[PDB]
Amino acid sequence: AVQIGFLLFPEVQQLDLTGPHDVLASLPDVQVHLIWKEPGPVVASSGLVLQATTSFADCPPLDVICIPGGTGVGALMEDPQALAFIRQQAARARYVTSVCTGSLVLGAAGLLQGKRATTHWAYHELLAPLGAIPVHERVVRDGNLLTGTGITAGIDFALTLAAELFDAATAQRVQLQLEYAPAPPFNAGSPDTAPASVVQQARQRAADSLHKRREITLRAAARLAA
C-alpha cells in the first residue's frame, strides 16, 4: 500500500489538508496518516477539531508527505522535532508536497535550498531568505518537490499524483466519481485579478502576521546558515 502522510498541527488551515485527504483516500491500496507528536485531537484555525492518527515515532516510511499551511505555520518553523521528522521523511519519499504557507515549513527544514518554489501570495517574499528560487505560479515542481498555492491546491495536485502513482484513467475516474469541476463565482483569487481595493484590504489584514513571520523566518534562516 502507498503510504501518504499529512502533518496535522494546531492552527492548521484545515481545508489545505482535508481536500487532498478525501481525494487520495478514494484511491485503491493507499493508507493515509494524520501525523502529529502523538495521536489525539488537534484544533484547526477555524475551531474544527481533527484527530491525529499517528505519532512521529510510529509513522511508517512515507511515499508522499504533504505539509498544509495555516496560522500555525509560524510555530512549526521553529519546532525542531517537527522539522527533523520532515527532513527524515523527505529523504526517501517519492513526493514532498506542500499547500499554501506549508512551503515555509519546508523552507525552515532546509528543503527549499536551491529549489524553485511558491507559497501564499502575501508571504511570497519569505521564500528567498530560506534559500528558494521564488516562482509566481500556482503549482511549482522541482524534482520530487511540489509546492502549490490556494487553499485547494492539494485537490488539483492530488489528481496529478494519482495519475503518476497509478495511471491517467484512475485519476480521471476519481475526478468523475467526485464530480469535481469547479466554477468560482468571482475571479478574485489572485492579486493580479482581484480589484485593487480588495488587494489593499487583504494586504492590510495580513500585515501583522507578515511582520511576525519576517522575524521567525530570519531566525530559521540563521539556523540553516549554521
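Residue numbers here begin at 1 and follow the sequence given.
Of the two segments examined, 108-116 and 86-94, it is 86-94 that shows the higher average Cα temperature factor in the deposited entry.
As listed in the deposited structure, the average C-alpha B-factor of 200-208 and of 8-16 is greater for 200-208. Among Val174, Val42, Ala158, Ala57, the highest C-alpha B-factor in the deposited entry belongs to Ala57. In the deposited coordinates, the residue among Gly143, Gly102, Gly72, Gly148 with the greatest CA B-factor is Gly143. Remark: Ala220 belongs to the lowest third of its chain, ranked by C-alpha B-factor as recorded.
Looking at the C-alpha B-factors along this chain, the one for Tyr180 belongs to the lowest third. Ranked within its chain, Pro191 lands in the highest third, by CA B factor from the PDB record.
Compared with the other modelled residues of the chain, the Cα B-factor recorded for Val135 ranks in the middle third. In this PDB entry, the Cα temperature factor of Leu48 sits in the bottom third of its chain's modelled residues, the lowest group.
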